[PDB]
Structures are given as structure tokens and as C-alpha cells.
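Data first, discussion second: the structure below is written as C-alpha cells.
Letters A, B, ... are given to chains in the order of the sequence lines, protein chains preceding strands, and every chain is numbered from 1. What's counted below: heavy atoms across the whole structure, side chains too, no hydrogens, waters or symmetry copies.
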Amino acid sequence: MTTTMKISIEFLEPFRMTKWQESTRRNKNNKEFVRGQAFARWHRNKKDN
RNA sequence: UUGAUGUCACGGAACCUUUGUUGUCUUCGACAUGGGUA
């Protein structure tokens, strides 16, 4: 038993997004991935392009 | 397209340094033209 709460966020400013990286590099040892953890994330449909 | 008992990323000024500068009197006299004649 759960209740779903529809959430929308309206940005009043340009928001920051983090650069895409390989799933091999999405760990605490990669500085760039950790530094961008508070930003938005880009999703790739396919890893190649 | 996240994972969860732990995110100061509003935690970080694209910032700092380079002269569109230099040189020149709005001045002034000899031609122009191609043959023609035998």
C-alpha cells in the first residue's frame, strides 16, 4: 500500500548539469563525478553517442 | 535515469596583464596627337 505524490520543480534560474561519464568512472575515486553530485545529470540513450 | 540512517557545491567572481598607435603640406604647366611627302 503506497500513495504516489506527483512532484514538479519549477526552476527560476539556469540550473547546473554534470558532464556525462562512463559507468566505470561513477565512483568515489573519480573527482569529477563526486564534484557534480549536486547538479543535474545527462542521460545517454546509448553509450556511444 | 537515482538509492536511501550522512551531498555546506548558493563551498569556488573566467579572474589577472596589453594606448589603434605610427608615417604623409588639399598640393599643382607643358603639351596632346600620327603620320604626311616622295
Side-chain angles (χ1 to χ4, degrees):
Chain A
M1 45 183 61
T2 48
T3 299
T4 301
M5 173 183 298
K6 297 302 183 61
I7 298 297
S8 59
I9 167 176
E10 175 190 9
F11 286 104
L12 314 174
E13 293 175 294
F15 58 96
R16 295 180 176 181
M17 184 176 58
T18 191
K19 186 179 180 180
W20 183 93
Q21 292 176 10
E22 295 79 3
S23 182
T24 313
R25 294 190 174 185
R26 298 174 190 174
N27 46 82
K28 60 181 179 179
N29 305 120
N30 182 18
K31 284 189 175 182
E32 314 185 13
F33 178 77
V34 179
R35 177 57 189 86
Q37 275 299 108
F39 297 157
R41 292 187 177 182
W42 179 266
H43 160 77
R44 283 189 179 184
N45 293 326
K46 312 91 187 176
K47 184 182 180 180
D48 302 0
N49 57 327

Please enumerate all protein N or O atoms sitting under 3.5 Å from an N or O of nucleotides 4-7 of chain B, with distances to 0.1 Å.
residue	atom	partner	partner atom	Å
B:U7	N3	A:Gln37	O	3.1

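Pucker assignment for B:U21 gives north. The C1'-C2'-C3'-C4' angle has a positive sign. B:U24: sugar pucker south (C1'-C2'-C3'-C4' torsion negative). The torsion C1'-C2'-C3'-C4' is the criterion here, and for B:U5 it is positive, giving a north pucker. North puckering is assigned to the sugar ring of B:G35, since its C1'-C2'-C3'-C4' angle is above zero. The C1'-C2'-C3'-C4' dihedral of B:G23 is positive. Its furanose therefore counts as north.
Under the 5.5 Å centre and 30° plane thresholds, the six-membered base rings of B:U21 and B:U22 are judged to be stacked. Stacking fails between B:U24 and B:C25 under the rule that six-membered ring centres lie under 5.5 Å apart and planes differ by under 30°. The six-membered rings of B:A14 and its strand neighbour B:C15 lie with centres under 5.5 Å apart and planes within less than 30°, so the two bases count as stacked. Under the rule of centres below 5.5 angstrom and planes below 30 degrees, the bases of B:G34 and B:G35 are not stacked. Stacking fails between B:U5 and B:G6 under the rule that six-membered ring centres lie under 5.5 Å apart and planes differ by under 30°.
Within residues 22-33 of chain A, no residue places a heavy atom under 4.0 Å from RNA chain B.
Hydrophobic clustering places A:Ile9 together with A:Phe15 (ILVMFWY residues linked when any side-chain heavy atoms are closer than 4.5 Å, directly or through intermediates). One hydrophobic cluster holds both A:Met17 and A:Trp20 under the rule that ILVMFWY side chains link at heavy-atom gaps under 4.5 Å.
If you take CZ of A:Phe39 and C1' of B:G12, they are 10 Å apart, rounded to a whole angstrom. Distance CZ (A:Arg16) to P (B:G12): 8 Å, rounded to an integer number of Å. The separation between A:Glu13 atom CD and B:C10 atom P is 10 Å, rounded to whole Å.
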For this session: Dump the intermediate steps for side chain to side chain contact (heavy atoms under 4.5 Å, CB included) on A:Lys19 and A:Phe33, then the final yes or no.
Result: CA-CA 8 Å; A:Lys19 186 179 180 180; A:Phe33 178 77; over 6 Å; no

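The gap from the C1' atom of B:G3 to that of B:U7 amounts to 13 Å, rounded to the nearest Å. Comparing the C1' positions of B:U26 and B:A30 gives a spacing of 22 Å, expressed to the nearest Å. Comparing B:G23 with B:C28, their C1' atoms are spaced 23 Å from each other, to the whole Å. For B:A14 and B:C10, the P atoms lie 12 Å apart once the distance is rounded to whole Å. For the P atoms, the distance linking B:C8 with B:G12 amounts to 13 Å, nearest Å.
Against the 90° criterion about 0, the sugar-base torsion of B:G11 places it in the syn range.
Between B:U1, B:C10, B:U2, one nucleotide has an atom nearer to the side chain of A:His43 than all others, and that is B:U1.
As judged by a 4.0 angstrom heavy-atom cut-off over every strand, A:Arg35 is placed among the base-contacting residues.
Counting heavy atoms from C-beta on, the side chains of A:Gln21 and A:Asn30 come closer than 4.5 Å.
The residue among A:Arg41 and A:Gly36 whose nearest nucleotide of RNA chain B lies closer to the 5′ end is A:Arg41.
A:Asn27 and A:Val34 make their closest contact through O-CG2, 3.8 Å (heavy atoms, listed as atom of the first residue, atom of the second, distance). Across every non-hydrogen atom of A:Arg16 and A:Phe39, the tightest pair is O-CB, 3.4 Å.
Here CD of A:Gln37 is found 10.5 Å from CZ of A:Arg26. Values are rounded to the nearest 0.5 Å.
Applying the 6.0 Å contact sphere to CH2 of A:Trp42 captures no more than 12 heavy atoms from other residues, nucleotides or ligands.
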